[PDB]
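**Student:** Following this message is one structure expressed as structure tokens.
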Amino acid sequence: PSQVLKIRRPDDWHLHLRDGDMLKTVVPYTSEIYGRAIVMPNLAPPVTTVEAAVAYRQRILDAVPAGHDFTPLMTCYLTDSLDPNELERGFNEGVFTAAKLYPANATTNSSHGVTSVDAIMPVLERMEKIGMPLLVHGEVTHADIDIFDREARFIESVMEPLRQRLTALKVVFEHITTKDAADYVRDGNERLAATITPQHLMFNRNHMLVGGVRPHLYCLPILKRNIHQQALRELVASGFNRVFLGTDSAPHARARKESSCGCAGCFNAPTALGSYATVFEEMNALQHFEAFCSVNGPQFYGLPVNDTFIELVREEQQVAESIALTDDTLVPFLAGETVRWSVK
Amino acid sequence: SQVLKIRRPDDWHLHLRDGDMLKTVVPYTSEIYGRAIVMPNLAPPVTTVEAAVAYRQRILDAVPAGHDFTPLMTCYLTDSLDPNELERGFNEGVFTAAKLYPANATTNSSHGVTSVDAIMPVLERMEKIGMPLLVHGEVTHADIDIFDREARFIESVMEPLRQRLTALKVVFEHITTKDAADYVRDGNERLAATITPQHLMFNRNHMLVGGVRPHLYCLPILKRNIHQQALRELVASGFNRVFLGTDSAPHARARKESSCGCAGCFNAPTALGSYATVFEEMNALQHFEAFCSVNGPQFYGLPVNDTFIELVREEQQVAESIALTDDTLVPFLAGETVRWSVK
Ligand SMILES: NC(=O)N[C@@H](CC(=O)O)C(=O)O
Ligand SMILES: O=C1C[C@@H](C(=O)O)NC(=O)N1
Ligand SMILES: [Zn+2]
Ligand SMILES: [Zn+2]
Ligand SMILES: [Zn+2]
Ligand SMILES: [Zn+2]
């Protein structure tokens, strides 16, 4: 009899659902399994108002198959032009669960992002005041910074000063990828948390580059050398309770991945949970798997833990080679592979 | 307006492939370069005089009339290669050099050398006959991070080898690091290196920032900017045991843009003008001719070419693609404006 792993229903604390037809195709892979997900706001144009978040939420709810108990937790894209009163109203009305800060860029349009942390202090101070968590894509994107250095550079140049200035602000260091960040989070206080994706636990940059270039392992922040991979696995395996499940499922059509300029992102919603289960098992740390998927996130966000359960079975299954879109196809994370754990 | 006249260059590291691909790519080389080192990593690899002779004829068959191009053939070293096979090839004017591919390190390398110890009698015979050893210098242990494989090779394989065969002539091919640049810079007259246009022009950020760019994916992998800057400084310095090796390494577009893209830049169409740009940028055009047309021949003990070509500083558009019969081929710098073109 195949081994069963029963957990409280998990949630995904970092998700891209896109919009339109792509949203219709990808939502079921989340809603079948997760109770809630943090839905990121990086649409074109981005979600920067309460009204757009409300409409987007409904588009998401329209696409949930009948009987799935799924609640999207919406976010606001932080920008220079964002009125702090719009952010607050959204939070007060339960529309925005959190706000997301993408890397600063002096050339970014004020409707589309942030020029500097200084420029958005009024808004960050308002989040601190009302207790809205800030989710951070923590990389500095200056042209003279080597891509593999960008996360470490952010800790020093942005994250520490920010947290030193806003001492009551709750911050999730999203999809951490380095020992620098794993140590930083491990040594932080109760106001600092992190998500980790399945790909940053399972692979390192050799898997993306040795024996060929694999654009389906291409994502941001970039896969790092093996020492960083190991630090991430050790962190989740330690039982540390301020790291939790965030897939960063980030779907692009195959034509946009397998081109002269491949888009960043892994479509891992279909296979993420089993992948995490495999990682915890390999680390002899299955006793901490539930907390990571189903408890740590809710505790940090001040939300209740789910009260229904799901089961994973240790029985080999093949992952689909691709998933049809209206036009084109999506190639899922671990496409065509035999995986060790699957949902029953 | 500015015209730069140089002795006709050679290419000391080239992949011409075979069949249709060969017929398509040879003219981009044969129209410009007097000679090329034609690497031996066909499938199956060129490991006998007979295969090299036939391959050479396939190449000559594809050279347009009017082009004065000579392919310099190489032997693909394997663990079980008879040193007599290699020596007969050298004696008959077939093999100019032999190429060491560490097993599984690169394109068509599964049949490659598993250790130096396995091929010592072959290397001792090369040392004795004066045949140069061309080296793809990377270790392959699964445990070693890809960006470290060139540096680790210097320490663990190259230095011991050269200490053991003190008269063996070695080209450290397509070097990519400061480690290799300093190593070559500080070596003796029996050590040289080639550098590609892409390792001079770009670093790993150009392949990975803003998207993943498979047409810049090649081996040894593009390194940090500090390494790129060291390579530029080396060629700019006028150091004379570095020379032109494009490592033009074509693959069909579909093979490049797949879920597992092949390693190699098709740079033959644009390499020479690209080198010119790098040399101009480094304020070192006085050293350009020697890199392209003199340093390689000196190291190999061959005469310099006796004809001349001109580069002009007129901005030109690189083609988006080049047709194959049942495929396309994307050139290095496809769709870019390039500063120098061959007149
Ligand atoms: N360098 C590459 O990226 N590719 C070359 C092989 C080689 O020079 O190692 C090829 O033949 O495809
Ligand atoms: O920062 C990001 C954005 C995401 C996306 O495609 O939306 N993809 C990634 O790889 N990481
Ligand atoms: Zn992100
Ligand atoms: Zn994301
Ligand atoms: Zn090579
Ligand atoms: Zn080569």
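Note that the numbers count up from 1, one per residue, in the order the chain is shown.
Heads up, header says this was done by X-ray crystallography, 1.9 Å.
Just so you know, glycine gets a Cβ as well, placed from its N, Cα and C.
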**Student:** Since Swiss-Prot lists B:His15, B:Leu16, B:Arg17, B:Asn41, B:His136, B:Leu219, B:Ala263 for substrate, which candidate among B:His227, B:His251 does it give for that site as well?
**Tutor:** B:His251
**Student:** Of B:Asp182, B:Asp186, B:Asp247, B:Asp306, which one shares the Zn(2+) 1 site with B:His13, B:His15, B:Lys99 in Swiss-Prot?
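**Tutor:** So the Zn(2+) 1 site in Swiss-Prot includes B:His13, B:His15, B:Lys99 plus, from the candidates B:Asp182, B:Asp186, B:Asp247, B:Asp306, B:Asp247.
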**Student:** Given that Swiss-Prot annotates B:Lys99, B:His136 as binding Zn(2+) 2, state which candidate in B:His174, B:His199, B:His206 belongs to that site as well.
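**Tutor:** Zn(2+) 2 site check in Swiss-Prot: besides B:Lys99, B:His136, the record includes B:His174 out of B:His174, B:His199, B:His206.
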**Student:** Of B:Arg17, B:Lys99, B:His136, B:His174, the binding-site residues given in the record, which has the fewest other CB atoms within 10 A of its CB?
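**Tutor:** Each of the binding-site residues B:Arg17, B:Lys99, B:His136, B:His174 was scored by Cβ atoms within 10 Å; lowest is B:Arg17.
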**Student:** List, in sequence order, the same-chain residues at least six positions removed whose CB sits under 8 Å from that of B:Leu219 (substrate binding site)?
**Tutor:** B:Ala105, B:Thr106, B:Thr107, B:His136, B:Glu138, B:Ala263, B:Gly264
**Student:** Show me the subset of B:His13, B:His15, B:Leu16, B:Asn41, B:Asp247, B:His251 whose Cα is within 10 Å of B:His174 (Zn(2+) 2 binding site); these are the recorded positions I mean.
**Tutor:** B:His13, B:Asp247
**Student:** Against chain A, with Cβ pairs under 8 Å, which of the recorded positions B:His13, B:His15, B:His136, B:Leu219, B:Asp247, B:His251 show up? Give them in sequence order, please.
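**Tutor:** Checking chain A against the recorded positions, no residue falls within range (Cβ-Cβ under 8 Å).
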**Student:** How many Å lie between the Cα of B:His13 (Zn(2+) 1 binding site) and the Cα of B:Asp247 (active site)?
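**Tutor:** It is 5 Å, counting Cα to Cα.
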**Student:** With the cut-off set at 10 Å between Cβ atoms, which of these binding-site residues ends up with the most neighbours? Options: B:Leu16, B:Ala263.
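**Tutor:** For the binding-site residues B:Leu16, B:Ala263, the Cβ with the most other Cβ atoms within 10 Å is B:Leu16.
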**Student:** Consider only the binding-site residues B:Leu16, B:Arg17, B:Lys99, B:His136, B:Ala263: which of them have a Cβ under 6 Å from an atom of ligand 5? Write none if no residue does.
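**Tutor:** The binding-site residues passing the 6 Å Cβ test are B:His136.
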**Student:** Give the distance between the Cα atoms of B:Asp247 (active site) and B:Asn41 (substrate binding site), rounded to the nearest whole Å.
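**Tutor:** B:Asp247 (active site) and B:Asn41 (substrate binding site) have their Cα atoms 12 Å apart.
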**Student:** C-alpha of B:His251 (substrate binding site) to C-alpha of B:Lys99 (Zn(2+) 1 binding site): distance in Å?
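**Tutor:** B:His251 (substrate binding site) and B:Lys99 (Zn(2+) 1 binding site) have their Cα atoms 20 Å apart.
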